[PDB]
Amino acid sequence: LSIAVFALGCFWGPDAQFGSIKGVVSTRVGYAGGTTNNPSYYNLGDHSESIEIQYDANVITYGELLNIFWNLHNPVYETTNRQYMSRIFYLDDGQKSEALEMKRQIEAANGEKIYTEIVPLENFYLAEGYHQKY
Amino acid sequence: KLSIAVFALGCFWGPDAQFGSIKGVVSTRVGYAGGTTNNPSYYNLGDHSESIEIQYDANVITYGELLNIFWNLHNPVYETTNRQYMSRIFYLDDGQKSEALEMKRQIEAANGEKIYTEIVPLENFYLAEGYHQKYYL
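Going down the list, the protein sequences come from chains A and B.
Numbering (the deposited numbering) for the first sequence: 7 to 140.
Numbering (the deposited numbering) for the second sequence: 6 to 142.
So this is what it looks like as structure tokens:
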């Protein structure tokens, strides 16, 4: 086969991953709950670092996105910690239906338990930049 | 009017400054522990964080004295999810477990504030890079 070798450096990109997809028009990093009150960077409670993906469903579907999401990480570890967990926050019953569905597939396909949690999007805070001091 | 200095000191220097020159402590090694993944690496730590292995001579210093040093080095009275404010004791046997729990309760009783230090069993410990374990490629 052929071989390419690239170094990305530091100026990427948990959002750049999804942003590079055909049909997603913008992405924002944010913190998604979860119903813990008053999350902070010091204590996120049940909120998780998340990507809000605004996409044109005439170009990609929610199931195609689901597919790339699952190929972009390896959620085969038991972990209680909301912050290290693979999570899907559904916005409707359809997304949820679709997300439970493909999870079942993948688990069969390989046998492994997949630990992605399916929970409704109840809160979403944009990420704040750190305050500069002068 | 006060004056300002700004310094950067890497995290892995801390262990030897915190415990290294304590009488009875023979060595300290920085590592990674407390996560899930079978093999963290320089490129991805998974859910592990900075931990320290302290080798000590019990005829000189006790585990209790080390716990007192650990709790004199920080003030874990706020719930946190943040790795930079981690407070964790990894007990190697039930003797260490019970000494850590008993001292935690004593601190809580004496100062009136819940202590958010987690006391959990040591399962795996990975040796991290250092000036005496450079990990030459």
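The beta-carbon is built from N, C-alpha and C at its ideal position, and this holds for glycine as well.
Residue nearest to residue i in terms of C-alpha spacing, selected from the options
i	options	result
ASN129/B	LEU14/B, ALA10/B, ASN87/B and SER54/B	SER54/B
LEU97/B	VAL65/B, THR122/B and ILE59/B	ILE59/B
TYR83/B	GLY51/A, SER56/A and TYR140/A	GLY51/A
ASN80/A	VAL11/A, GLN23/A, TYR121/A and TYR131/A	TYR121/A
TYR61/A	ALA105/A, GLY117/A, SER26/A and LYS119/A	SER26/A
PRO20/B	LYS139/B, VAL30/B and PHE12/B	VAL30/B
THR85/B	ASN44/A, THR67/A and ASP99/A	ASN44/A
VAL65/A	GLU118/A, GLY36/A and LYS28/A	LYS28/A
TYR136/A	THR42/A, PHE12/A, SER46/A and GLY15/A	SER46/A
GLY15/B	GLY39/B, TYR140/B, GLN89/B and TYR131/B	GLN89/B
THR41/B	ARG34/B, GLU134/B, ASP99/B and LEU127/B	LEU127/B
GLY36/A	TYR131/A, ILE94/A and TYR140/A	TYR131/A
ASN77/B	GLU134/B, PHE24/B and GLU104/B	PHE24/B
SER32/B	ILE57/B, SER8/B and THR67/B	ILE57/B
Within chain B, the residues that residue i reaches when beta carbons sit closer than 8 Å
i	result
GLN89/A	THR86
7 Å Cβ cut-off: residues of chain A touching residue i
i	result
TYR48/B	Simply none; closest approach about 12 Å.
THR42/B	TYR83
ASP52/B	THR85, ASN87 and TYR90
Proximal residues of chain B, C-beta to C-beta of residue i below 7 Å
i	result
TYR140/A	Near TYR140/A there are no residues of chain B at all, since even the closest Cβ is about 11 Å away, more than 7 Å.
Boundaries of the alpha helix (DSSP H) in which residue i is found, first to last residue
i	result
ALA22/A	22 to 25
residue 147/B	Absent from the model: residue 147/B. The displayed extent of chain B is 6 to 142, so no value can be given.
Element boundaries [beta strand (DSSP E), containing residue i]
i	result
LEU132/B	130 to 132
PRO126/B	123 to 126
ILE57/B	54 to 61
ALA38/B	30 to 38
Given 8 Å, three or more beta-carbon pairs between the stretch 63 to 82 of chain A and the stretch 102 to 116 of chain A: Yes: at least three Cβ pairs fall under 8 Å.
Residue ranges of each beta strand (DSSP E) within the stretch 79 to 112 of chain B, 3 or longer: Qualifying beta strand (DSSP E) stretches, in chain order: 93 to 96.
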